[PDB]
Amino acid sequence: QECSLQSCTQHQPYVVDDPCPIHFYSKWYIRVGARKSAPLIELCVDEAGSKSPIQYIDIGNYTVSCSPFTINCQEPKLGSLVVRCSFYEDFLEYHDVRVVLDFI
Ligand SMILES: [Ca+2]
Ligand SMILES: [Ca+2]
């Protein structure tokens with residue numbers, strides 16, 4: 001699975017369905033420009049055991065929450081929305097799943 005198609009209300013908050021299978025850890029990124037060779041921008045940061053959206057001056061209010069991960073329902077302006085799914089016993093064994101949105 002390389003992409004996940006999900007449905008939500010355009011421009012309103014949406015808890016993203018995590019496509020990572022059992023025994024995989026999830027981390028959310030934007031892949032800049034949807035270009036494989038480009039940087040991955042991490043969307044959430046852990047502080048004192050809780051996760052919060054990184055306040056990028058540019059990204060705006062795209063990330064509504066990291067408890068749970070919640071976006072405004074739209075494609076990111078800066079690139080693709082990607083979750084990295086990492087196997088619980090081998091962090092070098094992972095697969096990235098791009099999330100794309102249909103609108104209701
Ligand atoms: Ca990617
Ligand atoms: Ca073993």
# chains A, B, ... in the order shown; residues from 1 in each chain; ligands from 1
>>> residues_near_ligand(ligand="ligand 1", cutoff="6 Å", atoms="only C-alpha atoms and all ligand atoms", output="PyMOL selection string")
chain A and resi 31+36+96
>>> write_last_selection(atoms="N, CA and C atoms", output="compact mmCIF listing (two decimals), in the first residue's frame")
# COMPACT_ATOMS: atom_id res chain seq x y z
N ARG A 31 5.89 15.76 2.57
CA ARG A 31 7.00 15.62 1.63
C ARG A 31 7.00 16.84 0.73
N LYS A 36 10.22 12.92 -4.32
CA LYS A 36 10.81 11.86 -3.50
C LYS A 36 12.15 12.27 -2.91
N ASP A 96 6.24 4.30 3.37
CA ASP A 96 5.54 5.56 3.40
C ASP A 96 4.21 5.41 2.67
>>> residues_around(residues="region 48-52 of chain A", least_positions_apart="6", cutoff="8 Å", atoms="only C-alpha atoms", output="count of residues only")
3
>>> residues_around(residues="residue 84 (chain A)", least_positions_apart="4", cutoff="7 Å", atoms="only C-alpha atoms", output="count of residues only")
7
>>> closest_residue(among="A:57, A:104, A:30, A:89", to="ligand 2", atoms="only C-alpha atoms and all ligand atoms")
A:89
>>> select_by_dssp(residues="chain A", states="strand (DSSP E or B)", output="ChimeraX atom specification")
/A:3-8,13-15,24-32,40-42,44-47,50-53,63-66,69-72,79-87,90-103
>>> residues_around(residues="region 32-34 of chain A", least_positions_apart="5", cutoff="6 Å", atoms="only C-alpha atoms", output="count of residues only")
4
>>> residues_around(residues="residue 61 (chain A)", least_positions_apart="6", cutoff="10 Å", atoms="only C-alpha atoms", output="ChimeraX atom specification")
/A:53,55,71-72
>>> residues_around(residues="region 7-20 of chain A", least_positions_apart="6", cutoff="7 Å", atoms="only C-alpha atoms", output="PyMOL selection string")
chain A and resi 26+64+68-74+85+101-104
>>> write_last_selection(atoms="N, CA and C atoms", output="PDB file, in the first residue's frame")
ATOM      1  N   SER A  26       3.722   4.967  13.584  1.00  0.00           N
ATOM      2  CA  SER A  26       3.327   5.982  12.617  1.00  0.00           C
ATOM      3  C   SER A  26       3.971   7.319  12.946  1.00  0.00           C
ATOM      4  N   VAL A  64      -4.358  20.694  12.821  1.00  0.00           N
ATOM      5  CA  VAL A  64      -5.273  21.178  13.845  1.00  0.00           C
ATOM      6  C   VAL A  64      -4.930  20.597  15.213  1.00  0.00           C
ATOM      7  N   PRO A  68      -5.978  13.490  18.558  1.00  0.00           N
ATOM      8  CA  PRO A  68      -5.211  12.731  17.568  1.00  0.00           C
ATOM      9  C   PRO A  68      -4.814  13.605  16.387  1.00  0.00           C
ATOM     10  N   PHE A  69      -3.998  13.066  15.479  1.00  0.00           N
ATOM     11  CA  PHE A  69      -3.577  13.825  14.308  1.00  0.00           C
ATOM     12  C   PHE A  69      -4.794  14.233  13.480  1.00  0.00           C
ATOM     13  N   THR A  70      -4.957  15.537  13.312  1.00  0.00           N
ATOM     14  CA  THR A  70      -6.141  16.147  12.729  1.00  0.00           C
ATOM     15  C   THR A  70      -5.690  17.277  11.824  1.00  0.00           C
ATOM     16  N   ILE A  71      -6.214  17.301  10.602  1.00  0.00           N
ATOM     17  CA  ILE A  71      -5.848  18.321   9.630  1.00  0.00           C
ATOM     18  C   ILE A  71      -7.093  19.110   9.266  1.00  0.00           C
ATOM     19  N   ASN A  72      -6.880  20.291   8.701  1.00  0.00           N
ATOM     20  CA  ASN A  72      -7.944  20.845   7.884  1.00  0.00           C
ATOM     21  C   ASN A  72      -7.988  20.055   6.581  1.00  0.00           C
ATOM     22  N   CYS A  73      -9.191  19.711   6.154  1.00  0.00           N
ATOM     23  CA  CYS A  73      -9.378  18.747   5.075  1.00  0.00           C
ATOM     24  C   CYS A  73      -9.103  19.421   3.738  1.00  0.00           C
ATOM     25  N   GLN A  74      -7.850  19.331   3.301  1.00  0.00           N
ATOM     26  CA  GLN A  74      -7.383  19.914   2.047  1.00  0.00           C
ATOM     27  C   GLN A  74      -5.997  19.348   1.782  1.00  0.00           C
ATOM     28  N   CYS A  85       5.386   4.398   8.162  1.00  0.00           N
ATOM     29  CA  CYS A  85       5.017   3.243   8.982  1.00  0.00           C
ATOM     30  C   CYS A  85       6.272   2.411   9.195  1.00  0.00           C
ATOM     31  N   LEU A 101      -7.176  13.042  -0.486  1.00  0.00           N
ATOM     32  CA  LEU A 101      -8.511  13.331   0.015  1.00  0.00           C
ATOM     33  C   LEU A 101      -9.510  13.475  -1.123  1.00  0.00           C
ATOM     34  N   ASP A 102     -10.657  12.823  -0.971  1.00  0.00           N
ATOM     35  CA  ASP A 102     -11.880  13.144  -1.691  1.00  0.00           C
ATOM     36  C   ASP A 102     -12.774  13.965  -0.767  1.00  0.00           C
ATOM     37  N   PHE A 103     -13.701  14.711  -1.360  1.00  0.00           N
ATOM     38  CA  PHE A 103     -14.493  15.651  -0.586  1.00  0.00           C
ATOM     39  C   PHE A 103     -15.973  15.326  -0.685  1.00  0.00           C
ATOM     40  N   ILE A 104     -16.681  15.572   0.407  1.00  0.00           N
ATOM     41  CA  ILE A 104     -18.095  15.258   0.471  1.00  0.00           C
ATOM     42  C   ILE A 104     -18.964  16.500   0.300  1.00  0.00           C
TER      43      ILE A 104
END
>>> residues_around(residues="residue 91 (chain A)", least_positions_apart="4", cutoff="10 Å", atoms="only C-alpha atoms", output="PDB file with C-alpha atoms, in the first residue's frame")
ATOM      1  CA  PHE A  24       3.998  -0.530  12.854  1.00  0.00           C
ATOM      2  CA  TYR A  25       4.663   2.883  14.389  1.00  0.00           C
ATOM      3  CA  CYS A  85       5.017   3.243   8.982  1.00  0.00           C
ATOM      4  CA  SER A  86       8.018   1.703  10.763  1.00  0.00           C
ATOM      5  CA  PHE A  87       8.161  -1.937  11.835  1.00  0.00           C
TER       6      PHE A  87
END
>>> atom_distance(atom1="CA of residue 60 (chain A)", atom2="CA of residue 75 (chain A)")
12.9 Å
